[PDB]
Amino acid sequence: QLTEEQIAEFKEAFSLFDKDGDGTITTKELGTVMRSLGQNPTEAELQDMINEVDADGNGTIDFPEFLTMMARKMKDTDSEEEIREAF
Ligand SMILES: [Ca+2]
Ligand SMILES: [Ca+2]
């Protein structure tokens with residue numbers, strides 16, 4: 001239901017954040033991507049983004065947490081699209 005190619009696209013997306021390729025997205029890395037996107041999250045915001053999806057509380061987001069976020073975002077999106085369909 002999440003599909004191989006999607007997890008592969010998620011891994012690839014993950015590496016856009018996990019820039020040192022260390023397997024985790026750290027608030028720095030998120031912050032760096034966020035800023036490259038012209039956003040300017042605060043550490044608190046970044047930390048909080050990391051924190052919401054940091055299932056294991058180790059302070060960074062590893063691929064499985066990332067995938068879970070993305071998977072659920074994907075679910076949520078589909079579910080919102082469905083609701084939009086009904087709206
Ligand atoms: Ca990293
Ligand atoms: Ca983690």
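Nothing fancy with the numbering, it's 1 onward along the sequence. Heavy atoms only: backbone and side chains are in, while hydrogens, waters and symmetry mates are out.
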task = Give a yes or no on whether the backbone of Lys28 and the side-chain of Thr32 come within a donor-acceptor separation of less than 3.5 Å.
result = no
key: Donor-acceptor pair, side chain of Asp48 and main chain of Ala44, under 3.5 angstrom   = no
message = Is there a path of hydrophobic side-chain contacts, each under 4.5 Å between heavy atoms, that joins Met74 and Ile83?
response = no
query = Sub-3.5 Å donor-acceptor pair from the side chain of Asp62 to the main-chain atoms of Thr24, do we have one?
reply = no
ask   = Knowing that exactly one of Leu30, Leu46, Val33 qualifies, which makes a side-chain contact (heavy atoms from CB on, under 4.5 Å) with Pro41?
value = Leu46
note = Between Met69 and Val53 the two heavy atoms that sit nearest each other are SD-CG1, 3.5 Å
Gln47 side chain to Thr27 backbone, donor-acceptor under 3.5 Å = no
task = Determine yes or no for a side-chain-to-main-chain donor-acceptor pair under 3.5 angstrom, with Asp54 supplying the side chain and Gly59 the backbone.
result = yes
inquiry  = Applying side chain to side chain contact (heavy atoms under 4.5 Å, CB included) to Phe10 and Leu2, what does each step give before you reach the verdict?
reply    = CA-CA 10 Å; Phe10 295 137; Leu2 154 64; 3.7 Å; yes
remark   = CD (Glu4) and NZ (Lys11) are apart, to the nearest 0.5 Å, by 12.0 Å
query = Are the side chains of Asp22 and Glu29 in touch, meaning some heavy atoms are under 4.5 Å apart?
reply = yes
ask   = Should the pair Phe14 and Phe63 be assigned to parallel (<30°), tilted (30 to 60°) or perpendicular (>60°) ring geometry?
value = perpendicular
message = Test your reading of the model: is there a side-chain donor-acceptor pair from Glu45 to the backbone of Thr42, 3.5 Å cut-off?
response = yes
